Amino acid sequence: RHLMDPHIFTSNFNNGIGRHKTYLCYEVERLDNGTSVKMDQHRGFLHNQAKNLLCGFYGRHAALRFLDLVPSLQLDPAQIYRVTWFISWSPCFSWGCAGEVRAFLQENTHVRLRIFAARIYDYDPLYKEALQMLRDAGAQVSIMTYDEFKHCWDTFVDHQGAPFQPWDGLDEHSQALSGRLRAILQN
């Protein structure tokens, strides 16, 4: 119920405009006797801790800051939950995050993970290996489409009554990215 600023959302989740930051919206649902129950109190968003060598802050990618906060969610380890991420950059490999998320999932088997990425972080030369590894660890790895952008707008942004207005090129970029990811996950 801490809501994201409209301009922060549109300037970070635009799937044609890269930024030097990462934002991550998350939601948790519990699977019970077949159907799924939304746990609206476990909803939130965060961004990465920025690098700042000067001030001796080393910097922490958004995905690991989500892992940081899981204990506070107080999940029942006998139950099974689906955690959904809407992340403005896909997770990296070379800084260790994909592997850390895999280790978290192996240990925390009560969490299943669904990732929708706005953009592919191919700045990481080994970004393909992060995506395949997350898939191999049991996560759903997907590209955000209109439905997820609107859902994040409706759910996480302080819109004040304004309906989601898709930017130019939202569908074209989502489709192109969905094509690249599918090819990556075919292998």
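Throughout, we count residues from 1 along the sequence that is shown.
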**Message:** I need to verify one thing: averaged over C-alpha atoms only, is the B-factor higher for 158-166 or for 31-39?
**Reply:** 31-39
**Request:** Mind pulling up the entry and telling me whether 140-148 or 55-63 has the higher mean Cα temperature factor?
**Result:** 55-63
**Message:** Can you tell me which of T84, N108, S72, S88 has the maximum CA B-factor listed in the PDB entry?
**Reply:** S72
**Complete:** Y127: C-alpha B-factor third of its chain, per the entry, is the middle
**Request:** Please place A50 in the lowest, middle or highest third of its chain by C-alpha B factor as given in the entry.
**Result:** highest
**Asked** Taking the C-alpha B-factors as the PDB entry records them, is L24 in the lowest, middle or highest third of its chain?
**Response** middle
**Complete:** Entry-reported C-alpha B-factor of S11 relative to its chain, by third, is middle
